[PDB]
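First the proteins, then the strands, lettered A, B, ... as listed; each starts at 1.
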There are 2 protein chains.
Amino acid sequence: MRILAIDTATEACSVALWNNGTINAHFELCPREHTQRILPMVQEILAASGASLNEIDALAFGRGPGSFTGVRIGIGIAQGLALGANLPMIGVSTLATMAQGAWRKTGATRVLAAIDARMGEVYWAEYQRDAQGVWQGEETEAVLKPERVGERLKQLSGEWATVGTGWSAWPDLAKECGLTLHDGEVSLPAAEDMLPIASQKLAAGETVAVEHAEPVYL
Amino acid sequence: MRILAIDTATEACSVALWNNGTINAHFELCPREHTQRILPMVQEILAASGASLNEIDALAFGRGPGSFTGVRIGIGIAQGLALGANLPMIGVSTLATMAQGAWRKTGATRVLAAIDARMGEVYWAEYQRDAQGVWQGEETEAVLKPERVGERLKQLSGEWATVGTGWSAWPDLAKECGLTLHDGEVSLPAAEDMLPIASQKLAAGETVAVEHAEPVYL
């Protein structure tokens with residue numbers, strides 16, 4: 001089947017289409033104005049793989065956390081796209097997406113995701129890929145102050161890969177914790193990494209109707 | 001046939017559905033966050049008239065002028081909705097929409113539309129309904145300084161109905177011009193008034209594909 005993923009949760013916007021494993025994706029840093037770029041990206045990606053919106057089985061959307069406005073804009077477009085085509089929707093975490101990206105690029109299986117939320121906050125998550133490739137640790141997603149993150153890091157063990165803008169925003173985090181951290185090579189989520197996660201949810205039937213697609217509230 | 005109109009160009013957001021003349025509409029003042037309200041409004045309206053998105057013949061969208069961000073958000077959702085359903089799109093002017101509203105509520109046939117654009121500017125238009133009900137004067141749409149509007153008013157004649165927030169923002173306009181002005185009873189556009197205009201365009205085949213739907217640039 002086919003899965004179309006869309007992400008506009010952060011400073012970047014991206015689209016990806018999954019077709020029996022074969023991926024078609026596009027990623028670009030999105031200005032303070034995302035909306036104007038999604039639709040064209042979507043139509044390009046669909047055309048590239050010779051697919052119609054009505055031929056897609058599910059539409060994966062970025063449920064955040066991240067930009068309050070950006071996350072909601074993306075969900076809005078996604079719903080529009082899914083409603084007009086009667087498509088089931090799949091919410092995917094921005095933090096989990098970056099973790100999958102770390103696995104894709106560096107083979108990391110334990111990811112500490114930290115997003116530099118404005119005004120001194122950070123969106124945090126501790127993700128660990130299990131044997132079936134499902135990222136465990138969604139219950140750890142939270143919005144914390146740098147200080148509490150530093151506190152959290154002292155309770156962790158084993159090695160981890162770091163992903164997200166939060167690390168460069170608060171360089172003391174990786175420095176003061178006694179953990180062995182590796183660079184996940186992921187600063188921002190990419191729709192292409194949303195696909196593997198959306199597919200596993202589809203396989204389990206964890207989808208939502210258009211009217212129930214919403215942003216995560218941490 | 002059926003026409004679905006959506007407007008989020010100004011401080012208000014609205015949706016309306018035309019079914020062989022029978023209208024179903026909803027209007028509400030939209031906060032600094034519109035996106036979150038459109039989809040539900042759309043699904044409500046479609047359900048109320050027992051219609052599916054795929055049963056609609058055209059999707060009318062607010063092409064502005066108005067909020068730079070608001071206008072683009074609306075177009076984005078509309079495109080999403082139209083693409084997933086393979087629907088032809090119809091751009092409708094925010095100023096013309098308010099003029100149609102004035103005709104609906106007061107029978108006005110000559111409308112001076114003025115929108116209070118931020119930072120001391122005003123979106124302006126001189127609209128006149130012809131015998132077939134088509135609003136002539138689209139070529140007059142422009143972004144002007146209050147002073148130039150006052151200047152423009154001195155070149156006009158006959159009576160006019162006033163619509164838009166621009167009049168209350170610059171009360172000297174109606175006071176210093178020698179024109180007989182009547183209250184159009186319309187401060188903000190309503191999707192329901194976009195319908196008659198979208199229908200005439202549909203009848204003439206003046207529609208655009210999803211990828212060509214864009215905001216007006218004054």
Side-chain angles (χ1 to χ4, degrees), chain A residues 5-15 30-42 59-85 87 89 91-92 94 118 191 208-217, chain B residues 4-16 26-46 53 59-64 66-85 89 94 188-191 194 210 213-215:
Chain A
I6 301 172
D7 174 61
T8 67
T10 65
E11 303 67 65
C13 55
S14 59
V15 178
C30 207
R32 35 52 179 176
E33 203 64 55
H34 307 60
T35 174
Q36 300 181 62
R37 289 263 32 189
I38 291 67
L39 277 295
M41 289 191 264
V42 166
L59 195 168
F61 70 91
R63 70 181 193 191
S67 165
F68 183 90
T69 297
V71 59
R72 287 164 182 63
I73 299 304
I75 291 180
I77 305 296
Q79 293 178 101
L81 290 167
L83 182 70
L87 304 187
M89 291 182 81
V92 179
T94 300
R118 309 298 256 62
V208 298
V210 172
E211 59 280 10
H212 295 307
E214 58 185 0
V216 67
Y217 301 106
Chain B
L4 172 66
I6 301 172
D7 174 61
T8 67
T10 65
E11 303 67 65
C13 55
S14 59
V15 178
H26 180 237
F27 170 106
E28 75 179 27
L29 294 180
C30 207
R32 35 52 179 176
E33 203 64 55
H34 307 60
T35 174
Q36 300 181 62
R37 289 263 32 189
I38 291 67
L39 277 295
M41 289 191 264
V42 166
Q43 304 193 68
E44 279 190 48
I45 242 165
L46 285 167
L53 210 284
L59 195 168
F61 70 91
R63 70 181 193 191
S67 165
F68 183 90
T69 297
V71 59
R72 287 164 182 63
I73 299 304
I75 291 180
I77 305 296
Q79 293 178 101
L81 290 167
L83 182 70
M89 291 182 81
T94 300
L188 301 166
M194 287 177 55
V210 172
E214 58 185 0

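- Annotation: side chain of B/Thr10 is in contact with side chain of B/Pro189 (closest heavy-atom distance under 4.5 Å).
- Sorted by first and then second residue, the pairs that involve residues 60-70 of chain A and meet salt bridge (charged side-chain N to carboxylate O under 4.0 Å, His left out), not counting sequence neighbours, are A/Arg63-A/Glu138.
- Within the model, atoms OG1 of A/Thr69 and CZ of B/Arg32 stand 8.0 Å from one another, a figure rounded to the nearest 0.5 Å.
- Atom-to-atom distance recorded for B/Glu44:CD and B/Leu39:CG is 11.5 Å, nearest 0.5 angstrom.
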Less than 3.5 Å apart, which donor and acceptor atoms pair up between the side chains of residues 71-80 of chain A and the rest of the protein, not counting sequence neighbours?
{"unit_1": "A/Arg72", "atom_1": "NH1", "unit_2": "A/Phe68", "atom_2": "O", "d": "2.9"}
{"unit_1": "A/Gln79", "atom_1": "NE2", "unit_2": "A/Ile75", "atom_2": "O", "d": "3.4"}

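- Listed by chain and residue number, A/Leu59, A/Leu87, A/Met89, A/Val210 satisfy the side chain to side chain contact (heavy atoms under 4.5 Å, CB included) test with A/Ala82 (two or more places apart in sequence, or in another chain).
- Taking the side chain to side chain contact (heavy atoms under 4.5 Å, CB included) definition, one finds that A/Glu214 meets it with A/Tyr217, sequence neighbours left out.
- Across every non-hydrogen atom of B/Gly62 and B/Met194, the tightest pair is N-CE, 3.7 Å.
- Considering only heavy atoms from C-beta on, A/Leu81 comes within 4.5 Å of A/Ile6 through its side chain.
- Within the structure, salt bridge (charged side-chain N to carboxylate O under 4.0 Å, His left out) contacts touching residues 74-85 of chain A (residues at least two apart or in different chains) do not occur.
- The minimum heavy-atom distance between A/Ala9 and A/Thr94, with the atom names listed, is CB-OG1, 3.4 Å.
- When every heavy atom of B/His34 is checked against every heavy atom of B/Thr8, the shortest pair comes out as CD2-O, 3.7 Å.
- For B/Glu28, the side-chain hydrogen bond (donor to acceptor under 3.5 Å, both in side chains) partners two or more places apart in sequence, or in a different chain, are B/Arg37.
- Taking CD of B/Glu11 as the start and CG of B/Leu188 as the end, the distance is 5.5 Å to the nearest 0.5 Å.
- Atom-to-atom distance recorded for A/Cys13:SG and A/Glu33:CD is 11.0 Å, nearest 0.5 angstrom.
- Listed by chain and residue number, A/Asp7, A/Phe27, A/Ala191 satisfy the side chain to side chain contact (heavy atoms under 4.5 Å, CB included) test with A/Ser14 (two or more places apart in sequence, or in another chain).
- Atom CD of A/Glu211 sits about 8.0 Å away from atom CG of A/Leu83, to the nearest 0.5 Å.
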